[PDB]
Amino acid sequence: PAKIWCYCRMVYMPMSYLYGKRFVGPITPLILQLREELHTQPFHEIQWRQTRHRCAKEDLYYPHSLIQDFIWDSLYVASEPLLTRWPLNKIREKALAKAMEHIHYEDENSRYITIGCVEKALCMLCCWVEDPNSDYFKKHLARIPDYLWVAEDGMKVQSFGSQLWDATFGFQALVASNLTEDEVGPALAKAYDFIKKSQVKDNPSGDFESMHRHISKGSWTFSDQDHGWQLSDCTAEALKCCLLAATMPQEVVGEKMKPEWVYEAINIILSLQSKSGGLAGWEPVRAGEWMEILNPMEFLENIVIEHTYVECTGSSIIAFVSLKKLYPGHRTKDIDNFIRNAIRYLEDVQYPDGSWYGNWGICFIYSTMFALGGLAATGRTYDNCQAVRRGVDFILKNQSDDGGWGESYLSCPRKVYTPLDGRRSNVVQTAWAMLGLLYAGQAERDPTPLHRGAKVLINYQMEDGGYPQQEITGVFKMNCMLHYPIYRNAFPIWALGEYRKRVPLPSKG
Amino acid sequence: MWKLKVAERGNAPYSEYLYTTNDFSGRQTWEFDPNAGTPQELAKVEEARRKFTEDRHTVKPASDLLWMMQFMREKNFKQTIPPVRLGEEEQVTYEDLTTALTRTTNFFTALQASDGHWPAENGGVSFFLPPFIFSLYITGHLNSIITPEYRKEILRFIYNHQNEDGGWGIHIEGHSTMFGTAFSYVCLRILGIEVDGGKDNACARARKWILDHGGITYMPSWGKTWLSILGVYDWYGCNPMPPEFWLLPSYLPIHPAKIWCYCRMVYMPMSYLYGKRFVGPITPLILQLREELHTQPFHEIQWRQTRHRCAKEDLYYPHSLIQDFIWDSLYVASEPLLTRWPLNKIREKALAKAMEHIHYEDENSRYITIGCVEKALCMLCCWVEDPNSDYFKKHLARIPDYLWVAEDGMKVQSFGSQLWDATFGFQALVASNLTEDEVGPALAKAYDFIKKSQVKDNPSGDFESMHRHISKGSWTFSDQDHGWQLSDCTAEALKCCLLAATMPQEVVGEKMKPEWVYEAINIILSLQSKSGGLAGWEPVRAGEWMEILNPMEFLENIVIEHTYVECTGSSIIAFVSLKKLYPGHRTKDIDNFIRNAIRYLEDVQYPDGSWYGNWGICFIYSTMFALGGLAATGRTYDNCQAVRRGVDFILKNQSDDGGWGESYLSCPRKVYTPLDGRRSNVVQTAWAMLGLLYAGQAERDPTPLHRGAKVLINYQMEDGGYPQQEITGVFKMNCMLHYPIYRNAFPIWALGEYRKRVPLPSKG
Ligand SMILES: CCCCCCCCO[C@@H]1O[C@H](CO)[C@@H](O)[C@H](O)[C@H]1O
Ligand SMILES: CCCCCCCCO[C@@H]1O[C@H](CO)[C@@H](O)[C@H](O)[C@H]1O
């Protein structure tokens, strides 16, 4: 269990307990009258041993391997005839007790706001079937209304919080944009104090070490401080925000953080790193890529084991480069080595077409922006450099009739980069492309394409404010999708803030 | 008193009469004449021996000079042309290049053209000869087969290349290995030579290196398995390899029809030997030699916990945790069961199936099976079953087909390479301009041999559904007597045939029928992967996760095959060349295959602008083939994807005079270290020039090409050829190979197209 991914470990463990207990819910009169219409054959007059392997051709993304199917088939006859009529009392009871105590130790440290709606829902049943009358069940029931949400359509369910990530992105956009009226100072302070208060500093309760978990010291979460989960992606943006706000005057933004807490964040970031370059999100490395053969699901990919993410590597390298300007005072001979290790990783992930796709945003250029931002930091030029011109040429070759950029939700799963969505464009994707191209120093090279890129943004501006474009603009594990409501405004303002700073574009009137 | 002569002895050559397929089409044999002698020519042998003995440190390999010496009397050309030398950036004209070609081509084509090819050699690594010595010692025919005059030659071969530090190498240019050192010491000691401490008899020197490395328990699994048969090691100290893997309905994920052919044909005799638990007789030499080797008493040590002790010098691919756990579980699953209470039915059926599979395989292979080690092990496998038979005698009869002699002592040739080198030489000759036009008879005398070298008959018996692939009009790497499909040689053979097809009939002779090429095209199209490219023997079996079960630790990617870039480039250039002659077979399929293969080449490219190969030791060896296969589909240079990367990589890396060089350790480390003293080699420079030429850089900027051509004329010998001696070959990223004719085949090929591409006008 100390080898598999954290999400799979915390999801399948309640599944393991439920399978071991063979728990079946009460058969209400609705169940008996509804179980007949679903199945095309009679409910109890069918077979089940040979019906286990029937995969649909519509929901099949990663088919099972021969070895995996053979292992499951062997285990079916190894376990069911044994641990159902003559169950090993000692082994099964110890396994159930260990699962129960692990779930109890995990939920207490997670403050009952555990990762995933499905995982929390399954854990609620797992703890209810053990003791319907307790306090853990009541506290789990109390945090249920923390996930429901309302929109233009009916009520929906929010998988997890994202206030910290969007707040950091908005703060970075605001500070990058020129303070014209300078009245954003109070809002910047009222967000900075919240950001400071959002830092997770306490260790998980109990013996977190040697319990299939990693050490957390001054780390950041993705949802809120109440969770207490280390994630290198959000920490890299938080450190950049803190460093950029550090140089701002004290009299305008307020007090500043102590310079000793950043060392813990640097140590945590350096803790997560692979042997060939880059870093993962939660754990550095467990095993090889051959562990994915045992994937139970068929509509996802790369779930059992983690992998290195290019966006996190780019954010970490740009954060480390930004730190050098302020003060070099911690492991001068180690940060340079880490940067050298990370530099060669970015070149490997590049595809021959000149672009490499990400893992969270639905685009072949979403990770390109972060890579270009993290590549120009180490002095990578454009006239004479390796792999820098490939992304620029890829971006230039692919545009709309008016210079816009667009893709489709099926582009990433097929890994083909199909932009045929009607030759349309979106504000978020165009802003991402412009920001990525800006880090390459193309403003002084040839800003003529940038003129239409900026002009295709002003028309989409609403008189009431904001941009009315509505798209998911997010992917999850190459099959699932995600939506962000503030990306419509956060990124265009960020791009327009640096558009004037890079190229003055003089015009008296 | 050694004369090199074609065999022509199909009726009882040494001990048993054998059967040929095309009247000994290229059979290689060597005989020690009893009455040969010359007052002055025989004196050259001592000079050849002493030159290598004194320049072993500076030059590790040795080109075959005594072999080509014998052909100087048979063809007394006596040509006198000084080596043309140009300096101070003087532009060369057609005259100097034509003179150099006239001097370096006539003797090359007169070296050997009677049969239709040139005798080539592999790379002497001193790795598979101790198996032959052990086999001959265990069969009792060592005295009958190995004459005493061969003993001094093999002793000199062993002594000529020995590391002064004590630790030998896996290949000729190795450094501080345990397998090679131990095997060489055992083979030298078992042939009746005592223990001394001199420079010639360096047993005492090797004692210090053997003893200070934890005995002989740090050698790889092959060494332990081999010494367990000779009464030196114990079966409990190695890993279990049950012979029951061949009993399955071929539905399990691991079946013999899934693993590579070489591994399947090598480990099967190992499986039989492990199942039978056969141990050779303990001669008085064995008991007196088993004590000095081990640092502890022979029988007073443990073996169950000594199975996992890997040396830090001969470790390239460490074992995985799952593999070690599987072996540990199998050790207690099989040994307590199938040793004291063996399953009679299962074990007997497994042994019978292994025996019948070996017998069916050797008959179809004409007893010239792949690999010296595999043949040596199969000889023991068939001898322990029936010491008095005909298969054993016929195996014993083909033993002298592998021994070879060079400037150093007698060596062993792993496999034949006459067809590959003959095709390369023919391609070079036809690409070079026919100045005197007298190469026509030699071209015909090689073309008829090439036509006769085609394998057309199916393997005897039910070759299909026997873990083998269909062969129809295929080509082998060694000779037609083998009958093994290989897409690499077929691609070059088809190009040679197509290029010779457009030549006039009156000058080269008759031509092949246009119906046989369809079978070759079908065979080539049969081998292809689902993502692009193709393998050598089988299209695809499983994924890349099968390599976790690798038993060896000094190699990599042995259990399963892989796609080779060089073969893909050769196939695509052959297919493009075929379109010019006549499109008449699957017009909608060849284009699809080319489209599939095009995208494969882009993927294998490294970010540095170059991708290394698998057979030549260079990061640019595969680059030449890729560039040759990429410019065929209209890939330009000014505006194209990935074409400029290789050109920039080649331009950025040069010598002080524009030369190119690498090191044997560059490919294993995948770093492309050229720091060999900033030197260069003729073969590598010719490869680089040929690869750059396909990119159309002759009209772009031929200024770098001037020095690239000039650094070649100086290396030209007045007697002909180039004296540079390097292996210029790699095998599975750890082993090395040598080619003796690459010194001449490639420079002439480059010079032939140098004048054709850029005229370089100069009136005088
Ligand atoms: C200490 C040794 C106890 C011997 C078996 C106890 C009697 C049966 O006990 C049961 O046996 C079944 C099959 O083994 C399983 O259900 C469990 O082992 C156990 O509950
Ligand atoms: C149908 C079962 C017959 C007996 C199987 C015993 C377990 C297999 O084991 C083998 O069986 C041989 C034949 O009995 C015996 O020589 C030994 O028990 C053992 O070698």
# chains A, B, ... in the order shown; residues from 1 in each chain; ligands from 1
>>> residues_near_ligand(ligand="ligand 1", cutoff="6 Å", atoms="only C-alpha atoms and all ligand atoms", output="number ranges by chain")
A: 86-89
>>> residues_around(residues="residue 499 in chain A", least_positions_apart="3", cutoff="12 Å", atoms="only C-alpha atoms", output="PDB file with C-alpha atoms, in the first residue's frame")
ATOM      1  CA  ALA A 176       1.347  42.067 -12.665  1.00  0.00           C
ATOM      2  CA  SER A 177      -1.152  44.583 -14.045  1.00  0.00           C
ATOM      3  CA  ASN A 178      -0.086  48.196 -13.589  1.00  0.00           C
ATOM      4  CA  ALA A 431      -4.772  34.852 -23.339  1.00  0.00           C
ATOM      5  CA  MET A 434      -0.352  35.428 -25.825  1.00  0.00           C
ATOM      6  CA  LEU A 435       1.189  35.084 -22.359  1.00  0.00           C
ATOM      7  CA  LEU A 437       4.477  33.859 -26.565  1.00  0.00           C
ATOM      8  CA  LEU A 438       5.310  36.976 -24.529  1.00  0.00           C
ATOM      9  CA  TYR A 439       7.879  35.169 -22.356  1.00  0.00           C
ATOM     10  CA  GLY A 441      10.764  37.988 -26.128  1.00  0.00           C
ATOM     11  CA  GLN A 442       8.727  38.158 -29.344  1.00  0.00           C
ATOM     12  CA  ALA A 443       7.358  41.612 -28.465  1.00  0.00           C
ATOM     13  CA  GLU A 444      10.545  43.223 -29.796  1.00  0.00           C
ATOM     14  CA  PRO A 447       4.645  42.309 -32.590  1.00  0.00           C
ATOM     15  CA  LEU A 450       0.193  40.414 -31.427  1.00  0.00           C
ATOM     16  CA  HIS A 451      -1.898  43.343 -32.707  1.00  0.00           C
ATOM     17  CA  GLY A 453      -4.286  38.903 -30.844  1.00  0.00           C
ATOM     18  CA  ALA A 454      -4.990  41.905 -28.628  1.00  0.00           C
ATOM     19  CA  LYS A 455      -7.783  43.211 -30.874  1.00  0.00           C
ATOM     20  CA  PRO A 492      -7.156  38.515 -20.019  1.00  0.00           C
ATOM     21  CA  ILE A 493      -6.379  41.189 -17.416  1.00  0.00           C
ATOM     22  CA  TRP A 494      -3.034  39.519 -16.691  1.00  0.00           C
ATOM     23  CA  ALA A 495      -2.174  39.543 -20.400  1.00  0.00           C
ATOM     24  CA  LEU A 496      -3.284  43.155 -20.898  1.00  0.00           C
ATOM     25  CA  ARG A 502       6.484  44.889 -22.902  1.00  0.00           C
ATOM     26  CA  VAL A 503       5.596  46.828 -26.073  1.00  0.00           C
ATOM     27  CA  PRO A 504       4.737  50.515 -25.457  1.00  0.00           C
ATOM     28  CA  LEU A 505       2.940  50.826 -28.828  1.00  0.00           C
TER      29      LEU A 505
END
>>> closest_residue(among="B:597, B:242, B:139, B:114", to="residue 393 in chain B", atoms="only C-alpha atoms")
B:139
>>> residues_near_ligand(ligand="ligand 2", cutoff="12 Å", atoms="only C-alpha atoms and all ligand atoms", output="list in words")
residues 334, 336, 337, 338, 339, 340, 341, 342, 343, 344, 345, 346, 347 and 348 of chain B
>>> residues_around(residues="range 380-397 of chain A", least_positions_apart="3", cutoff="10 Å", atoms="only C-alpha atoms", output="ChimeraX atom specification")
/A:346-347,350-356,365,368-369,371-372,374-377,400,403,405,433-434,436-438,440-442,445,449 /B:607-609,641,645
>>> interface_residues(of="chain B", to="chain A", cutoff="8 Å", atoms="only C-alpha atoms", output="list in words")
residues 252, 253, 545, 602, 603, 606, 607 and 642 of chain B
>>> residues_around(residues="range 423-437 of chain B", least_positions_apart="6", cutoff="8 Å", atoms="only C-alpha atoms", output="PDB file with N, CA, C and O atoms, in the first residue's frame")
ATOM      1  N   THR B  98      40.490  10.533 -59.455  1.00  0.00           N
ATOM      2  CA  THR B  98      40.458   9.378 -60.345  1.00  0.00           C
ATOM      3  C   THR B  98      41.681   8.492 -60.147  1.00  0.00           C
ATOM      4  O   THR B  98      41.575   7.262 -60.190  1.00  0.00           O
ATOM      5  N   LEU B 443      31.650  -7.586 -61.135  1.00  0.00           N
ATOM      6  CA  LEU B 443      30.263  -7.316 -60.774  1.00  0.00           C
ATOM      7  C   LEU B 443      29.365  -8.489 -61.137  1.00  0.00           C
ATOM      8  O   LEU B 443      28.486  -8.865 -60.359  1.00  0.00           O
ATOM      9  N   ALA B 446      30.010 -11.455 -58.835  1.00  0.00           N
ATOM     10  CA  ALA B 446      29.371 -11.269 -57.539  1.00  0.00           C
ATOM     11  C   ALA B 446      27.852 -11.321 -57.627  1.00  0.00           C
ATOM     12  O   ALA B 446      27.201 -11.811 -56.698  1.00  0.00           O
ATOM     13  N   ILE B 450      25.171 -13.537 -55.555  1.00  0.00           N
ATOM     14  CA  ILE B 450      24.081 -12.911 -54.812  1.00  0.00           C
ATOM     15  C   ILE B 450      22.749 -13.550 -55.184  1.00  0.00           C
ATOM     16  O   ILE B 450      21.906 -13.818 -54.319  1.00  0.00           O
ATOM     17  N   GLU B 492      18.871  -4.166 -48.110  1.00  0.00           N
ATOM     18  CA  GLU B 492      20.060  -3.857 -48.896  1.00  0.00           C
ATOM     19  C   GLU B 492      20.157  -4.721 -50.148  1.00  0.00           C
ATOM     20  O   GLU B 492      20.582  -4.237 -51.204  1.00  0.00           O
ATOM     21  N   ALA B 493      19.765  -5.994 -50.049  1.00  0.00           N
ATOM     22  CA  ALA B 493      19.785  -6.869 -51.217  1.00  0.00           C
ATOM     23  C   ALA B 493      18.818  -6.382 -52.290  1.00  0.00           C
ATOM     24  O   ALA B 493      19.139  -6.411 -53.484  1.00  0.00           O
ATOM     25  N   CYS B 496      20.341  -3.376 -53.984  1.00  0.00           N
ATOM     26  CA  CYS B 496      21.385  -3.807 -54.907  1.00  0.00           C
ATOM     27  C   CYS B 496      20.787  -4.374 -56.188  1.00  0.00           C
ATOM     28  O   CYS B 496      21.244  -4.049 -57.292  1.00  0.00           O
ATOM     29  N   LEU B 499      19.264  -1.508 -58.283  1.00  0.00           N
ATOM     30  CA  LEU B 499      20.287  -0.667 -58.891  1.00  0.00           C
ATOM     31  C   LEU B 499      21.005  -1.394 -60.021  1.00  0.00           C
ATOM     32  O   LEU B 499      21.381  -0.777 -61.024  1.00  0.00           O
ATOM     33  N   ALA B 500      21.212  -2.706 -59.878  1.00  0.00           N
ATOM     34  CA  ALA B 500      21.812  -3.489 -60.949  1.00  0.00           C
ATOM     35  C   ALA B 500      20.836  -3.785 -62.079  1.00  0.00           C
ATOM     36  O   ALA B 500      21.273  -4.144 -63.178  1.00  0.00           O
ATOM     37  N   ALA B 745      35.433  -0.281 -47.995  1.00  0.00           N
ATOM     38  CA  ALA B 745      34.138  -0.248 -48.669  1.00  0.00           C
ATOM     39  C   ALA B 745      33.516   1.144 -48.631  1.00  0.00           C
ATOM     40  O   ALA B 745      32.979   1.616 -49.639  1.00  0.00           O
ATOM     41  N   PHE B 746      33.577   1.814 -47.484  1.00  0.00           N
ATOM     42  CA  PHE B 746      32.872   3.081 -47.315  1.00  0.00           C
ATOM     43  C   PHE B 746      33.608   4.283 -47.907  1.00  0.00           C
ATOM     44  O   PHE B 746      32.959   5.132 -48.532  1.00  0.00           O
ATOM     45  N   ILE B 748      35.516   4.465 -50.527  1.00  0.00           N
ATOM     46  CA  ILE B 748      35.327   4.432 -51.974  1.00  0.00           C
ATOM     47  C   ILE B 748      33.901   4.825 -52.333  1.00  0.00           C
ATOM     48  O   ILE B 748      33.667   5.548 -53.310  1.00  0.00           O
ATOM     49  N   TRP B 749      32.926   4.360 -51.548  1.00  0.00           N
ATOM     50  CA  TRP B 749      31.535   4.735 -51.782  1.00  0.00           C
ATOM     51  C   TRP B 749      31.348   6.242 -51.660  1.00  0.00           C
ATOM     52  O   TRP B 749      30.657   6.858 -52.480  1.00  0.00           O
ATOM     53  N   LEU B 751      33.733   8.608 -51.996  1.00  0.00           N
ATOM     54  CA  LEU B 751      34.462   9.293 -53.059  1.00  0.00           C
ATOM     55  C   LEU B 751      33.765   9.150 -54.407  1.00  0.00           C
ATOM     56  O   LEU B 751      33.900  10.027 -55.267  1.00  0.00           O
ATOM     57  N   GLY B 752      33.030   8.056 -54.613  1.00  0.00           N
ATOM     58  CA  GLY B 752      32.302   7.894 -55.860  1.00  0.00           C
ATOM     59  C   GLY B 752      31.222   8.943 -56.049  1.00  0.00           C
ATOM     60  O   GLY B 752      31.048   9.477 -57.148  1.00  0.00           O
ATOM     61  N   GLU B 753      30.483   9.251 -54.985  1.00  0.00           N
ATOM     62  CA  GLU B 753      29.431  10.255 -55.045  1.00  0.00           C
ATOM     63  C   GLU B 753      29.940  11.670 -54.807  1.00  0.00           C
ATOM     64  O   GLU B 753      29.223  12.627 -55.122  1.00  0.00           O
TER      65      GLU B 753
END
>>> residues_around(residues="range 469-478 of chain A", least_positions_apart="5", cutoff="10 Å", atoms="only C-alpha atoms", output="mmCIF file with C-alpha atoms, in the first residue's frame")
data_model
loop_
_atom_site.group_PDB
_atom_site.id
_atom_site.type_symbol
_atom_site.label_atom_id
_atom_site.label_comp_id
_atom_site.auth_asym_id
_atom_site.auth_seq_id
_atom_site.Cartn_x
_atom_site.Cartn_y
_atom_site.Cartn_z
ATOM 1 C CA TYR A 61 -10.261 3.788 -23.057
ATOM 2 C CA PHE A 299 -12.370 4.821 -18.745
ATOM 3 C CA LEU A 300 -9.215 6.366 -17.226
ATOM 4 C CA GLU A 301 -5.441 5.987 -17.440
ATOM 5 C CA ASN A 302 -2.472 6.294 -15.062
ATOM 6 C CA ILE A 303 -4.418 6.095 -11.801
ATOM 7 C CA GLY A 358 -0.442 19.282 -20.104
ATOM 8 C CA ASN A 359 -2.615 17.372 -17.650
ATOM 9 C CA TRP A 360 -5.156 19.828 -16.168
ATOM 10 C CA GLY A 361 -6.001 22.386 -18.860
ATOM 11 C CA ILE A 362 -7.562 21.058 -22.053
ATOM 12 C CA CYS A 363 -5.006 22.317 -24.587
ATOM 13 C CA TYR A 366 -1.660 25.076 -21.766
ATOM 14 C CA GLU A 407 -9.240 23.557 -29.487
ATOM 15 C CA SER A 408 -11.715 20.797 -28.630
ATOM 16 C CA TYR A 409 -12.302 18.637 -25.568
ATOM 17 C CA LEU A 410 -11.370 15.498 -27.548
ATOM 18 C CA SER A 411 -7.980 16.869 -28.658
ATOM 19 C CA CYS A 412 -6.072 15.821 -25.531
ATOM 20 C CA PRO A 413 -7.509 12.257 -25.283
ATOM 21 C CA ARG A 414 -6.581 11.579 -28.919
ATOM 22 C CA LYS A 415 -3.242 13.456 -28.626
ATOM 23 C CA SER A 425 -11.638 30.992 -30.346
ATOM 24 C CA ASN A 426 -11.901 31.550 -26.597
ATOM 25 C CA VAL A 427 -10.633 34.396 -24.436
ATOM 26 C CA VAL A 428 -8.870 32.118 -21.935
ATOM 27 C CA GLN A 429 -6.997 30.101 -24.568
ATOM 28 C CA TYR A 460 -15.430 40.077 -26.452
ATOM 29 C CA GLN A 461 -15.405 42.512 -23.512
ATOM 30 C CA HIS A 483 -14.579 24.125 -15.218
ATOM 31 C CA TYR A 484 -13.245 27.367 -13.728
ATOM 32 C CA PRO A 485 -15.589 30.388 -13.513
ATOM 33 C CA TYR A 487 -10.591 32.200 -15.736
ATOM 34 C CA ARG A 488 -12.801 34.327 -18.006
#
>>> residues_around(residues="residue 730 in chain B", least_positions_apart="6", cutoff="10 Å", atoms="only C-alpha atoms", output="list in words")
residues 123, 171, 613, 614, 615, 616, 617, 618, 664, 665, 667, 668, 736, 737 and 738 of chain B
>>> write_last_selection(atoms="C-alpha atoms", output="mmCIF file, in the first residue's frame")
data_model
loop_
_atom_site.group_PDB
_atom_site.id
_atom_site.type_symbol
_atom_site.label_atom_id
_atom_site.label_comp_id
_atom_site.auth_asym_id
_atom_site.auth_seq_id
_atom_site.Cartn_x
_atom_site.Cartn_y
_atom_site.Cartn_z
ATOM 1 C CA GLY B 123 34.747 -9.113 -33.721
ATOM 2 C CA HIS B 171 34.921 -7.569 -25.650
ATOM 3 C CA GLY B 613 21.766 2.958 -33.634
ATOM 4 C CA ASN B 614 22.149 -0.614 -32.421
ATOM 5 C CA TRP B 615 24.956 -2.255 -34.450
ATOM 6 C CA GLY B 616 27.516 0.441 -35.276
ATOM 7 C CA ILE B 617 29.204 2.154 -32.340
ATOM 8 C CA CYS B 618 28.241 5.770 -33.066
ATOM 9 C CA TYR B 664 33.268 2.493 -27.434
ATOM 10 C CA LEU B 665 31.704 3.689 -24.155
ATOM 11 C CA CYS B 667 26.699 4.271 -26.774
ATOM 12 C CA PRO B 668 26.374 2.432 -23.406
ATOM 13 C CA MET B 736 31.393 -5.067 -29.683
ATOM 14 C CA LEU B 737 32.002 -6.323 -33.211
ATOM 15 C CA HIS B 738 34.624 -5.800 -35.909
#
>>> closest_residue(among="B:575, B:513, B:688, B:506", to="residue 525 in chain B", atoms="only C-alpha atoms")
B:575
>>> closest_residue(among="A:231, A:242, A:310, A:184", to="residue 271 in chain A", atoms="only C-alpha atoms")
A:231
>>> select_by_dssp(residues="range 114-214 of chain A", states="strand (DSSP E or B)", output="list in words")
residues 148, 149, 156, 157 and 200 of chain A
>>> residues_around(residues="residue 224 in chain A", least_positions_apart="5", cutoff="8 Å", atoms="only C-alpha atoms", output="PDB file with N, CA and C atoms, in the first residue's frame")
ATOM      1  N   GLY A 161     -12.778  22.082  -3.262  1.00  0.00           N
ATOM      2  CA  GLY A 161     -12.608  23.520  -3.279  1.00  0.00           C
ATOM      3  C   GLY A 161     -11.423  23.947  -4.125  1.00  0.00           C
ATOM      4  N   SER A 162     -11.528  25.158  -4.684  1.00  0.00           N
ATOM      5  CA  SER A 162     -10.443  25.725  -5.477  1.00  0.00           C
ATOM      6  C   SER A 162     -10.247  27.212  -5.194  1.00  0.00           C
ATOM      7  N   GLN A 163     -10.641  27.684  -4.007  1.00  0.00           N
ATOM      8  CA  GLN A 163     -10.548  29.110  -3.706  1.00  0.00           C
ATOM      9  C   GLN A 163      -9.100  29.585  -3.655  1.00  0.00           C
ATOM     10  N   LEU A 164      -8.203  28.781  -3.077  1.00  0.00           N
ATOM     11  CA  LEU A 164      -6.817  29.216  -2.917  1.00  0.00           C
ATOM     12  C   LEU A 164      -6.117  29.380  -4.263  1.00  0.00           C
ATOM     13  N   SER A 198      -3.749  31.058   5.200  1.00  0.00           N
ATOM     14  CA  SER A 198      -4.095  29.809   4.534  1.00  0.00           C
ATOM     15  C   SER A 198      -2.955  28.797   4.529  1.00  0.00           C
TER      16      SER A 198
END
>>> select_by_dssp(residues="range 281-437 of chain A", states="helix (DSSP H, G or I)", output="MDAnalysis selection string")
chainID A and resid 289:294 310:326 332:348 366:378 388:397 411:414 427:437
>>> atom_distance(atom1="CA of residue 710 in chain B", atom2="CA of residue 729 in chain B")
24.9 Å
